[PDB]
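Given as structure tokens, the chain that follows is alone and in the form deposited in one PDB entry.
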């Protein structure tokens, strides 16, 4: 099989500016008919992939002309001019020279915006859940940029490890921000043994790490 490589996992870009996304193949994709069989796709969050470029440099039907492709042999570039909010998602190259068709691992396009600090909220476990013998404590980080954010759970000023799970929204198109949810899961027994529950957030937009907490 032909191995397709996209070296960059993600690329940031200021709206209105241009960006180039690289792809490489393990074998030349040039054919004797003159065409180079490298296709480009965009997958927007929650959507099916969509064709952007076929045969290395040909714009597909119904695709904005801000997308263009170039390359030679084993090295290829997708250029996106005048990047807009609708352009966020993952860009994949795919070789189309030999069976089986094979895809690169994708490059995520991130829209770069001004630094935005998250608004932080802590939620104690509901009384309804506390009946079950399990307690979920939730920390919400709302509308922040950039994506990098550290969440530290503290139970009575003690650092927690391996008992929480995080989830992050896809970069939305209304304000180019992310949101994050962190859930600390404890037994009801362990929950009732302690009083102070704290979520400490480290982010570039914050003047200093911010802690939101409650007393059980």
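Numbering follows the first chain given and starts at 1.
Of the two segments, 89 to 97 and 133 to 141, the one listed with the higher mean B-factor is 133 to 141 (C-alpha atoms only). For the pair 77 to 85 and 124 to 132, the mean Cα B-factor is higher in 124 to 132. Among 66, 154, 54, 44, the highest C-alpha B-factor recorded in the PDB entry belongs to 154. Highest CA B-factor among the listed residues (62, 34, 162, 49): 162. Ranked by C-alpha B-factor against the other modelled residues of its chain, residue 149 falls in the highest third. Among the modelled residues of the chain, residue 19 sits in the lowest third by CA temperature factor in this PDB entry. The entry lists a Cα temperature factor for residue 180 that places it in the lowest third of the chain's modelled residues. Ranked by Cα temperature factor within the chain, residue 29 sits in the lowest third according to the deposited record. In this PDB entry, residue 168 carries a Cα temperature factor that places it within the lowest third of its chain's modelled residues.
Just so you know, the form deposited in another entry exists too; it's not on screen, but the next bit is about it.
Annotation note: for the two-part rigid motion between this form and the one not shown, residue 162 and residue 99 are assigned to opposite parts based on which superposition fits each C-alpha better.
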